[PDB]
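Given next, in structure tokens, is a single chain: the form deposited in one PDB entry.
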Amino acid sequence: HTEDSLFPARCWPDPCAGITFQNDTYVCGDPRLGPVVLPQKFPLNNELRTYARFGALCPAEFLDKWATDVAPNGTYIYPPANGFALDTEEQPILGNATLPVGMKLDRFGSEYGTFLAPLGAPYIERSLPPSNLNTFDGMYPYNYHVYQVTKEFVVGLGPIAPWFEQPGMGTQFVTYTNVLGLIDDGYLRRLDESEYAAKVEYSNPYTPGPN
């Protein structure tokens, strides 16, 4: 049976073939391939439980498919229409929607970005490349950030197209102000780890019931 591992078994004896080794923090020494050390604690370990980082590809095959160059100057190519899933007419599926006070969001990336997901979404639902897992600030291992909506605001809301050898099909929220702006104007607050450690903190007390 298939055992889980960093590389597909086919990639040995030299899975890093064609990859310029730069820094041993990263897989094959290449920051585009994400960090060697993966999270061992909740919720990150839950979010990465289904993550085969290269799918069935080897590292250079993965870069050749999803980036402009296997060499270090290659950059990842991103999907059209901001990565929203496309309908049968090749039009993105989304709508402007209001996020309610209390809603918890998370993100792999700096606070200059504009793309978030609902708290706890699996990594493979986000169609993100391996390098979004790289640590840039020691206060935020894996560049993972969690926020809670403190004042209602409108975002582009819709399903995530598959990309980077993953199925996608989470939901993404594309904001019209970066995360820093939303924090400064009182739309989001940062949650620390103790505010998303318990199961009940993932449930929804803010949506009212019918009648």
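One-based numbering along the sequence shown. For the two forms, the rigid core is made up of the largest set of C-alpha atoms that agree within 1.5 Å on superposition.
Omitted from view is the form deposited in another entry, to which the following refers.
Chemist: State which of the options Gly74, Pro141, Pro100, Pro92 undergoes a Cα shift of 2 Å or more between the shown form and the other one, taking the core as fixed.
Modeler: The displaced C-alpha is that of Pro141.
Chemist: C-alpha of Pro159: shift of 2 angstroms or more between the shown form and the other one, rigid core aligned?
Modeler: The answer is no; the displacement is under 2 Å.
Chemist: Could you check, with the core superposed, whether the Cα atom of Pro31 shifts 2 Å or more between the shown form and the other one?
Modeler: False for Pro31: its C-alpha shift is below 2 Å.
Chemist: Please check if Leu44 moves between the shown form and the other one, taking a CA shift of 2 Å or more relative to the superposed core as movement.
Modeler: Yes, because once the rigid core is superposed, the C-alpha of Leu44 moves 2 Å or more between the shown form and the other one.
Chemist: By 3 Å or more, the Cα spacing of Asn46 and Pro100 differs in that other deposited form; is it closer or farther than in this view?
Modeler: They are farther apart; the C-alpha distance rises by 3 Å or more in that other deposited form.
Chemist: Based on a C-alpha change of 3 angstroms or more, tell me if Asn45 and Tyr51 lie closer or farther in that other deposited form than in the shown form.
Modeler: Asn45 and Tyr51 sit closer together in that other deposited form.
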